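# Structure at a glance
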Amino acid sequence: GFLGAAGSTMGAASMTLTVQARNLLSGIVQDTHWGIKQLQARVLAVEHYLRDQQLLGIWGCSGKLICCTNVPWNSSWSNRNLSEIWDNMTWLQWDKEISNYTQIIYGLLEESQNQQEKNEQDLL
Amino acid sequence: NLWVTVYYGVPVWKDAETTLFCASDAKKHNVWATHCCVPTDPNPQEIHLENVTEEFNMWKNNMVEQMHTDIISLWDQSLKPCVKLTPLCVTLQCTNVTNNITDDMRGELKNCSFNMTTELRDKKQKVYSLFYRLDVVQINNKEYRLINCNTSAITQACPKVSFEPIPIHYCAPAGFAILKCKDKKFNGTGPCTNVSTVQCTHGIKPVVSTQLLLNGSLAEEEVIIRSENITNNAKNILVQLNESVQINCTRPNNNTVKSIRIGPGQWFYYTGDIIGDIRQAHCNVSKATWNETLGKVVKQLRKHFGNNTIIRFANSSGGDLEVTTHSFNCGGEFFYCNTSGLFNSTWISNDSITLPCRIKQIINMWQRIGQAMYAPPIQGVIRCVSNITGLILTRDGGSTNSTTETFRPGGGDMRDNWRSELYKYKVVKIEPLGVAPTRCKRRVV
Amino acid sequence: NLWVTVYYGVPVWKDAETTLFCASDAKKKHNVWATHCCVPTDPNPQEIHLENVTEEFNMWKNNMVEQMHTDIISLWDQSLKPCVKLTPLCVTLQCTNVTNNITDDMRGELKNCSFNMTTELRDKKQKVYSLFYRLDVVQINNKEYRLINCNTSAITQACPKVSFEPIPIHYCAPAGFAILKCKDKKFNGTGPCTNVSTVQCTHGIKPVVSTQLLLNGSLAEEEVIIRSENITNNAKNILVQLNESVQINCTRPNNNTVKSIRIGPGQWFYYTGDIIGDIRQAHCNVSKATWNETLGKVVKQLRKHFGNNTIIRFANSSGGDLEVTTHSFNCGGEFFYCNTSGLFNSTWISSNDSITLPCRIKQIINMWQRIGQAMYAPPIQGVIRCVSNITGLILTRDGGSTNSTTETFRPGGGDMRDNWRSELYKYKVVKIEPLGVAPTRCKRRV
Amino acid sequence: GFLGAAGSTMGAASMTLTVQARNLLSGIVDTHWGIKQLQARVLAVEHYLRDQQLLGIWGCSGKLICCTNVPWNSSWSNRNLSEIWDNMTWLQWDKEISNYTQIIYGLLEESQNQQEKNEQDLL
Amino acid sequence: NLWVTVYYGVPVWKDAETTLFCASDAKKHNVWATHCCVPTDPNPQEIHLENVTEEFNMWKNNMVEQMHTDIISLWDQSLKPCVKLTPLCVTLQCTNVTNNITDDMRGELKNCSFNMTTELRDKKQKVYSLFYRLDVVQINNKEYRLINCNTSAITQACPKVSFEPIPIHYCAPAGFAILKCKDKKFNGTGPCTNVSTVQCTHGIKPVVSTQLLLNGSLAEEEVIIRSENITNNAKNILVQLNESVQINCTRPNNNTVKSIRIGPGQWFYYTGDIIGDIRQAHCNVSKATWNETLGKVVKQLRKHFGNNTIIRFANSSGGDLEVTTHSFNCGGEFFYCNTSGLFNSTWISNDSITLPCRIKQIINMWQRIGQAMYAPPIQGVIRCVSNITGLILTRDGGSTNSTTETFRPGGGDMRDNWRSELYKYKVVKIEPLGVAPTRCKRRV
Amino acid sequence: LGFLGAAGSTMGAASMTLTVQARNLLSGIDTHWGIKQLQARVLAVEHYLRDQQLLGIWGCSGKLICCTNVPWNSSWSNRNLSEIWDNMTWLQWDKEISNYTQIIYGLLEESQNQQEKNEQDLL
Ligand SMILES: *[C@@H]1O[C@H](CO)[C@@H](O[C@@H]2O[C@H](CO)[C@@H](O[C@@H]3O[C@H](CO[C@H]4O[C@H](CO)[C@@H](O)[C@H](O)[C@@H]4O)[C@@H](O)[C@H](O[C@H]4O[C@H](CO)[C@@H](O)[C@H](O)[C@@H]4O)[C@@H]3O)[C@H](O)[C@H]2NC(C)=O)[C@H](O)[C@H]1NC(C)=O
Ligand SMILES: *[C@@H]1O[C@H](CO)[C@@H](O[C@@H]2O[C@H](CO)[C@@H](O[C@@H]3O[C@H](CO[C@H]4O[C@H](CO)[C@@H](O)[C@H](O)[C@@H]4O)[C@@H](O)[C@H](O[C@H]4O[C@H](CO)[C@@H](O)[C@H](O)[C@@H]4O)[C@@H]3O)[C@H](O)[C@H]2NC(C)=O)[C@H](O)[C@H]1NC(C)=O
Ligand SMILES: *[C@@H]1O[C@H](CO)[C@@H](O[C@@H]2O[C@H](CO)[C@@H](O)[C@H](O)[C@H]2NC(C)=O)[C@H](O)[C@H]1NC(C)=O
Ligand SMILES: *[C@@H]1O[C@H](CO)[C@@H](O)[C@H](O)[C@H]1NC(C)=O
Ligand SMILES: *[C@@H]1O[C@H](CO)[C@@H](O)[C@H](O)[C@H]1NC(C)=O
Ligand SMILES: *[C@@H]1O[C@H](CO)[C@@H](O)[C@H](O)[C@H]1NC(C)=O
Ligand SMILES: *[C@@H]1O[C@H](CO)[C@@H](O)[C@H](O)[C@H]1NC(C)=O
Ligand SMILES: *[C@@H]1O[C@H](CO)[C@@H](O)[C@H](O)[C@H]1NC(C)=O
Ligand SMILES: *[C@@H]1O[C@H](CO)[C@@H](O)[C@H](O)[C@H]1NC(C)=O
Ligand SMILES: *[C@@H]1O[C@H](CO)[C@@H](O)[C@H](O)[C@H]1NC(C)=O
Ligand SMILES: *[C@@H]1O[C@H](CO)[C@@H](O)[C@H](O)[C@H]1NC(C)=O
Ligand SMILES: *[C@@H]1O[C@H](CO)[C@@H](O)[C@H](O)[C@H]1NC(C)=O
Ligand SMILES: *[C@@H]1O[C@H](CO)[C@@H](O)[C@H](O)[C@H]1NC(C)=O
Ligand SMILES: *[C@@H]1O[C@H](CO)[C@@H](O)[C@H](O)[C@H]1NC(C)=O
Ligand SMILES: *[C@@H]1O[C@H](CO)[C@@H](O)[C@H](O)[C@H]1NC(C)=O
Ligand SMILES: *[C@@H]1O[C@H](CO)[C@@H](O)[C@H](O)[C@H]1NC(C)=O
């Protein structure tokens, strides 16, 4: 079920990421002012879906739910043991723990992929 | 050693304010049912969130604000296609009804007449009708006018449109989820540890009332007392009962409804006459039950104020009828009942209570100026039975002295009637992209 | 050989028309402009200079102008919808002249009218006395009169609590679009501009409404700039943007009393009941020396297109009823129609004084040249004064003739579009088109 | 910054593709007023999706830089790499080959269909 | 050895209900032209399909319901800004117009006088006008009121607005397509093996009438008779024709129209007076043409009801004028013509038929009780010529197996007229995704 | 051919026209009138995205044709492969498997769910 893994550890939660993805659109697909409000709700849901998909594309992650990238992890963002992070901590806790650094990480992911694509075009 | 790894489909969320839509579970010409057209047929889902702790705050809950706004809209929209009564704002000639009137109703009904227009603009007819004194004011057999002729246009509500409350379920739009607090004794502001996710709320019946809360949910363990700031006076206290108090309301006479044409297809309904000796409207509560459910409130108030304090009840302070009395819609008519007999006792550590009531047809609804409505009279005898499931109380004075504290029934905003049901729900936005450290790297160069 | 390569995110664009949205600085609290333009602007202009980019601009074909003139005329109506209708006021009036302590100039301008108005209750009537300007009242045939619009339209009273005072308005592009700004110091409104930058919103432009003379706009950089779609075509107007501000001081000298009655439930009508002291005409003052220097600067710029061996003569307007024959403006809620002939009398051949312009005031206003609707401007109580900066003029030519070396210019004006062009001439809207194709040496590997 | 590369040469501008790609969609994220704004939002989305679909059709999905199997035709404007990439800007270039837009798009679509069929037949 | 393969862009579809948009080929005061503002392409670009069989059912076609609903909406929007004639529901004093009247029309016109409002609220004016008796009822020189005073406000239709039908086209939104049946004998309820796909329908004129359908398409090879349930007397029979019948309708009097302000910019138009002797309205149908046409219909009715079956035609059974007579509008005027002269025959095995017509000005429409429209009078003389391209018949009797059946004209529901031009079209949704077996696997 | 021009063609033959139909959903796209048209436009977008998401989840995001990791079941159909590709068209075929849609889709998601997991450990 949707968010069934919300209290699960980060590692365990990743076992079924798909349920959180299919329900971003299936829940959309399944008085004048009332009509306008409903259109705003539907349009916004689409716009948010697309934003996230574009970011993954820009960062070099396409149809995968999990992508490794080539940006090094900074100990200045977070410096903790991987065993705790993946086995004894949940994603809700984790998101709260590193919510400061999302803007910088995203910028770095974008730059790395941009350089990679140029290098690949030259190497062909 | 390790790099950034991106995960999509991460089961996390943040607080958010969005637009919710309503849904009915399926009578004809029911306003609520007509509007909340979306089926609630799919099984309600509920996913318990094991080991999830979340913070709820009913006083900053925007589900309440939306429900309030949606309700106002339904009333506006429903009264949009109904007969306007502008042509009735004329001088009335009125005398008192003195025939077979009990003392309690002396001076309450007036027999008025006026020269009204009809379909053909050049013609007029004399109309006789009965009005309650609360709807009529004196100008200088005396001359009177309808009470809203100086402030507001009046629209007659359509007799075929029913506003009877039905359960309504509020549902999240895609991208959002509703979290429910299941803790047994939650006071409205703080962490909740037994939580789950649902796609819609349970049904909430949009009952509109003042002072006493009718037909709501009951508490499961005990009477629960909630407020924004407990020791701060001039704040409403919402009391949720675990056992209800039955209240029986009635209008005992047989009213005869007549009608005339004002214009082309524009009908006006009014009380023509009254059959039988005249008696006042009233509501009954069992006396013993009322005393038992008051004692429970008193125990809980002492937990907050001290075991050695004295709790004194008193009636409302004064002001407009809407807040000084208990208002409700019974059988389609608007009642304003005197609760002075309910909040009279002092608590120190087959009988019933009859509350007299008044009926009013010109209603300035939702604490607004302008947009007045006229409630058509209902033919016959009115009777309804309802459950008191809670109270709106205020504490006042703020004195120390003897430590006796005084509580009074309060009026309150209409928002408080929904806050009392929506206290267990919160709306959050889902955010699928997460980032975390790990030892993998890509191998394409 | 070379191969086709596809790139996404290519920084190119094409001219486009799209709906813009209205934004404000989001700081009175009962102002139509502020109420409508609910979106706050970002305090950071976020301007990106486009180094080595040349772009052609055309102010006479600018869709931004057209939108500004569909927004103002839809905004004005939604603000008047929830207000008092004065159809109960369209009754026969019994009127005499106001002759007590009146200056010569006002002898026939103000009338004392009496009529039978409705009351809260439909069966009653009340006698009302009020004063009207003659421009609002016509004779029917102590004589009988009617309000001027009883034969064409309903009159809606503007709500006294709603201000229409212009505030700076920012027009902002929707996503996928960008606004290019022309920064060349002396751009004559058409053609290539080489100092170009990209912005998200325009600067704040105040939607000031006027006719022959512009008010409270921006100033020209360096010299006075004269812009016209076609100088040769005398059917077109010439927009002159002054490089310095010429100040005008306008007054409505009488101290009046505003009274009100109910027409019906919840509905109040406002009118002028009394005037205290001597009755005097409205006046606008402009410095005489400043005005003569201002025209001389305009004349030199006009000469660039006509010759320096000619005569430039100014003259007053003709035709156009009251609306294009006067300088119209709104100060304090009063609508002034000033006589500008005193400003355009000079012939140019190659403290101290003020030029005083008498003005008339009227309360029943037709606006945006519509004829099926009208507004009643409630009177404002007390003596009214305002000041303003001209920042530009609208001129037209009389026409040429056989063997004439004298160019004659008159003040005039067309629709409101001219006033909006004056501020929007430097902005252009384009659509961004990210897909590009080019040749290269990279072949897709298969 | 967005479009700061507009005056840069085609080659130099190739490294700012992520700025323009992000700007549209992150930029995306009274009855008549409400309708007009919804229409504007819907169009921004429709345009985004058409470009993405088209890249998918050509086999360029997920990439900002894509090499294809359509050769450059001598019919289309023919100029040296030394001027196309090193001297000209994208604004100039787009005008130079504006005619051939539909021709190129049709060729790209056909090449991708044949390649996908060939992979399935080989499997 | 086989695995499932996913394919996208697959040429398949499912039946669907969607909203079609209206488009029209490029005066400008016409309501249809104004509403269907979207231009059509000069080339419809129809694609034939080969080896495709589709099942059509016109009776459950939702293109018909949408067309009906959109028409109602357009009429209501068109009248939104027009004058509300509430000041006219006053007592009228009326006498009969007796001068210059033929026996026909002897009691049809009345000369009414009333006190109407003026620009100013303090004045009244006396107005004289001529009304048709169908719009005026006695109160009890007698006192009268307008027929709609006790049910609705009457809105005057704006004289500058034209309701003249212009062919319009219904077009599919993206994701949808319109399938067309090109079977020459198709009867509305079954498989059609000759089909094509279009995005827009042919232009259809939104002509509103009962009994005899005007200015529609003709059958190409033979008269086609269509019915949902042919043996059920509760259903209407829609008879198309393969040859049209020309009908000539006039209003012979030369009317002089006058107008008065009833308020601040609000004008009321009325009949003024009449030039020439008073004569009635009428329609001419050639008798020979009519009999040939009807004989063809009878032959085919026998194909459905038996070779020895006698087919008798008769007039309508009764009810409101709207449903008992041939209601139509031409020249902008509203006509109610008798069909008793067309259906008076029994079939066993230049002589025009003149149908008397009446004119009505206060029109209820679409059977909505609470609405009313006042059609302003038209100056001068009215003439129109139109094509009868089909009939709506309501057969009855035969309950005793008498071998004689009776066919009467009828049906006040406009939906049946819209059905007649949409029977060949169906709307489907395109479904591009699907899964099929193949000899391949996704290799890792 | 053109859009749906392959409607009666064999399944194999029609497989080369997939891009015509694939592109048309987007390339082809009174207060209440405006609202109804706006609703229609929003809905077309939602359907487009729904199908694209399913293809993404199943591991076929960039292709018109994908072999998968789910075996063909005898539950779905027992007809010859040659009758399916050479004799029938897509309309006729689709009618034979009308209620297997939900099971196949669930199986396809599961194959992706397992297939992508191994890569993170390998990297
Ligand atoms: C708290 O909750 C209670 C319980 O739901 C509410 O009480 C109900 O109130 C409604 C509305 O006033 C009552 O509904 C009326 O019932 C009449 C028939 O009553 C008999 O038949 C029913 C059959 O189901 C029995 O249950 C009932 O006991 C009786 O034997 C109808 O005739 C009424 O119809 C009216 O409106 C329609 C509108 O379309 C008209 O056509 C009709 O002619 C007529 O005017 C109506 O449906 C209901 O009976 C009450 N229930 C009980 C148990 O008494 C309280 O009102 C609620 N509290 C508050 C404050 O709202
Ligand atoms: C079935 O189809 C036929 C057509 O095939 C329809 O009949 C036509 O109906 C239209 C509309 O009523 C008629 O058009 C009108 O003609 C009037 C006379 O025009 C004459 O002069 C012009 C040249 O100027 C010639 O082209 C024309 O043939 C005539 O000789 C006009 O006066 C009318 O104009 C109206 O609007 C203008 C607006 O500016 C006003 O100024 C006018 O005063 C007036 O109010 C209009 O153009 C057409 O003539 C009819 N043809 C036939 C053969 O009858 C049927 O009505 C249709 N059936 C049904 C049921 O709808
Ligand atoms: C409200 O009305 C109900 C009846 O509709 C009352 O309940 C009845 O009371 C009598 C007298 O004690 C009993 O004989 C009946 O058996 C009861 N009937 C039911 C259904 O309970 C009830 O007491 C009234 N409530 C109040 C507060 O007056
Ligand atoms: C990330 O690492 C750099 C050193 O390369 C350091 O300067 C920076 O501060 C780190 N990030 C944070 C959040 O400090
Ligand atoms: C009529 O009733 C009013 C109260 O509404 C009362 O004050 C008054 O004295 C009564 N008059 C008579 C004559 O009964
Ligand atoms: C209960 O009330 C106290 C006192 O106001 C408050 O501190 C606490 O957070 C509330 N909530 C819970 C869950 O205890
Ligand atoms: C008001 O009506 C009365 C009616 O008797 C009339 O005499 C009087 O002159 C009217 N007053 C005005 C100002 O028109
Ligand atoms: C503009 O041209 C100069 C050379 O004259 C060059 O140095 C500069 O980088 C160019 N600007 C851009 C944006 O490429
Ligand atoms: C290349 O261009 C020529 C001239 O326009 C044209 O005839 C030829 O068909 C083109 N090549 C391809 C593969 O279409
Ligand atoms: C296309 O070719 C024409 C000449 O045939 C040329 O003028 C044009 O600039 C080229 N590209 C554009 C801008 O369409
Ligand atoms: C006037 O005409 C009607 C028919 O419409 C008739 O019933 C009535 O008797 C006539 N009255 C006169 C004036 O004879
Ligand atoms: C099918 O219908 C079309 C109509 O466009 C016609 O041209 C064609 O000959 C017909 N084919 C047959 C014989 O079914
Ligand atoms: C039309 O044909 C179908 C057979 O396809 C038949 O079932 C139906 O009854 C027919 N309709 C008529 C003419 O009654
Ligand atoms: C049908 O014709 C007969 C002829 O005698 C007539 O009496 C009857 O009233 C007509 N029916 C209708 C509805 O007009
Ligand atoms: C229809 O079937 C015939 C064989 O009878 C075949 O030749 C033709 O190509 C088919 N049409 C289509 C569009 O596949
Ligand atoms: C279909 O697949 C299921 C596996 O989920 C299997 O149990 C069943 O036997 C299969 N059916 C056939 C007959 O292929």
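Looking at the entry header, you'll see cryo-EM listed as the method and 3.66 Å as the resolution.

The PDB entry lists chain F under the name Envelope glycoprotein gp160, with Human immunodeficiency virus 1 given as the organism.

As named in the PDB entry, chain E is Envelope glycoprotein gp160, taken from Human immunodeficiency virus 1. Taken directly from UniProt, the Sequence similarities (unreviewed entry) text for chain E runs: "Belongs to the HIV-1 env protein family."

### Considerations on the sheet that holds strand β13 (residues 170-172) of chain C
Neighbouring strands of a sheet are bound in pairs by backbone hydrogen bonds; such pairs are parallel or else antiparallel. Residues and elements named next belong to chain C. An order of β4-β3-β13 is seen for the three strands of this open sheet, with the pairing classed as mixed. One side of each edge strand has no neighbouring strand; the edge strands of this open sheet are β4 (39-40) and β13. Both strand β3 (residues 21-24) and β13 contribute to a ladder of three bridges, which runs antiparallel. Bridge assignment links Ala23 to a residue of β13, and that residue is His170.

### Considering the interface of chain E and chain C
When the parts of a complex come together, some accessible area is lost, and that lost area is often taken as the interface size. If you look at the interface, chain E gives eight residues, while chain C gives 13 residues. Taken over both partners, the interface formed by chain E and chain C buries close to 840 Å², and the fraction arising from carbon and sulfur atoms is 53%. In terms of surface lost to chain C, no three residues of chain E exceed E:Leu120, E:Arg121 and E:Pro264, which account for 63% of the buried area on that side. Counting across the chain E and chain C interface gives zero salt bridges. Joining chain E to chain C, the criterion identifies three residue pairs in polar contact.

### What about the arrangement of the chains?
One thing to see here is that chain B and chain D don't touch, and their nearest C-alpha atoms sit 14 Å from each other. One thing to see here is that chain C and chain F don't touch, and their nearest C-alpha atoms sit 15 Å from each other.

### Structural notes on the interface of chain F and chain E
Chain F puts 55 residues into the contact, and the matching count from chain E is 42 residues. Summing both sides of the interface, chain F and chain E together bury roughly 4,500 Å²; the carbon and sulfur share of this comes to 67%. Applying the counting rule to chain F against chain E returns zero salt bridges. Along the contact surface separating chain F from chain E lie 13 residue pairs in polar contact. Taken together, the elements giving at least two residues each to the side of chain F that touches chain E come down to α1 (18-27), α2 (31-57), β1 (65-71), α3 (81-86), α4 (90-94) and α5 (101-115) of chain F. Take the side of chain F that touches chain E: its biggest share by element is eleven residues, from α2(F). Taken together, the residues of the side of chain F that touches chain E sort by class into 35 nonpolar, 17 polar and three charged.

### Notes on the packing of aromatic side chains
Applying the stated rule across the entire model yields 48 aromatic pairs over all chains. Arranged with centres 4.8 Å apart and planes meeting at 50 degrees, the rings of D:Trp58 and D:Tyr105 form a pair that is tilted. In this pair, D:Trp58 sits in helix α2 (residues 31-58) while D:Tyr105 sits in helix α5 (residues 101-122), placing the two residues 47 residues apart along the sequence. Classification of D:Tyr105 by relative accessible area gives partly exposed; the value is 23%. Each ring, one from E:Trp75 and one from E:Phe163, has its centre 3.9 Å from the other, and the planes form 5 degrees; the classification is stacked.

### Notes on empty space enclosed by the protein
Unoccupied space between atoms shows up once a probe the size of one water molecule is rolled over them. Residues and elements named next belong to chain E. Put simply, the largest cavity is a space of about 240 Å³. Forming the walls of the largest cavity are 23 residues, and the residues nearest its centre are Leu213, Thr389, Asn417, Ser420 and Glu421. Counting only elements with at least two residues in the lining of the largest cavity, the list comes to β16 (212-214), β18 (237-263), β28 (380-396) and α5 (415-422). Counting residues per element, the lining of the largest cavity draws most heavily on α5, which supplies six residues. For the lining of the largest cavity, a count of residues per class yields ten nonpolar, eight polar and five charged. Of the volumes computed, that of the second largest cavity is approximately 130 Å³. Lining the second largest cavity are 16 residues, and of these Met105, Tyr132, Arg251, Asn253 and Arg279 sit closest to its centre. Secondary structure elements with two or more residues in the lining of the second largest cavity: β18 and β25 (352-359).

### What to know about the state of the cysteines
Such a bond, covalent and formed between the sulfur atoms of two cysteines, is termed a disulfide. All names here are of chain C. This structure, assessed with the given rule, holds 33 disulfides over all chains. Here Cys182 pairs with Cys193 through a disulfide, and the sulfurs are 2.0 Å apart. In this structure the cystine formed by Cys182 and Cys193 twists about its S-S bond by roughly 100 degrees; its chirality is therefore right-handed. Here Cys193 lies in strand β15 (residues 190-193) and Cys182 lies in strand β14 (residues 177-182), a separation of eleven residues in the sequence.

### Details of the site of ligand 3
Residue and element names in this part refer to chain B. Around ligand 3, the neighbouring residues are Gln246, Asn248, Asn284, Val285 and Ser286. Taking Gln246, its side chain carries an N or O atom lying 3.0 Å from a nitrogen atom of ligand 3. For ligand 3, whose accessible area on its own is 610 Å², the fraction buried by protein is 28%. Listed by contribution, the elements that provide at least two residues to the shell around ligand 3 are β19 (236-263) and β21 (282-286). No other element matches the three residues that β21 contributes to the shell around ligand 3.

Scoring rules and cut-offs
Residues numbered from 1 in each chain as written, not as in the entry; some residues may be left out. Chains lettered and ligands numbered in written order. Heavy atoms only, no water. UniProt positions renumbered as here; feature names shortened; annotations may be inferred. Pairing = 2+ DSSP bridges. Helix = DSSP H or I, 4+ residues; strand = E, 2+ residues; numbered from the N terminus. Contact = heavy atoms within 4.5 Å. Buried area = accessible area lost by both parts, 1.4 Å probe. Salt bridge = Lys/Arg side-chain N within 4 Å of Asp/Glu carboxyl O. Polar contact = N/O pair within 3.5 Å; in protein donor to acceptor, adjacent residues only side chain to side chain. Nonpolar A, V, L, I, M, F, W, Y, C, P; charged D, E, K, R; others polar. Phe/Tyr/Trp six-rings, centres within 6.5 Å; stacked < 30°, edge-to-face > 60°. Buried < 20%, exposed > 50% of the residue type's maximum accessible area, 1.4 Å probe, protein only. 1 Å grid on protein atoms, 1.4 Å probe; cavity = no way out; pocket = protein on both sides within 12 Å on 5 of 7 lines; lining within 4 Å. Points joined across faces, edges and corners; volume = space filled by probe spheres on them. Disulfide = S-S within 2.5 Å. Near = heavy atom within 4 Å. Areas by Shrake-Rupley, 256 points an atom, 1.4 Å probe, with all protein chains shown as cover.

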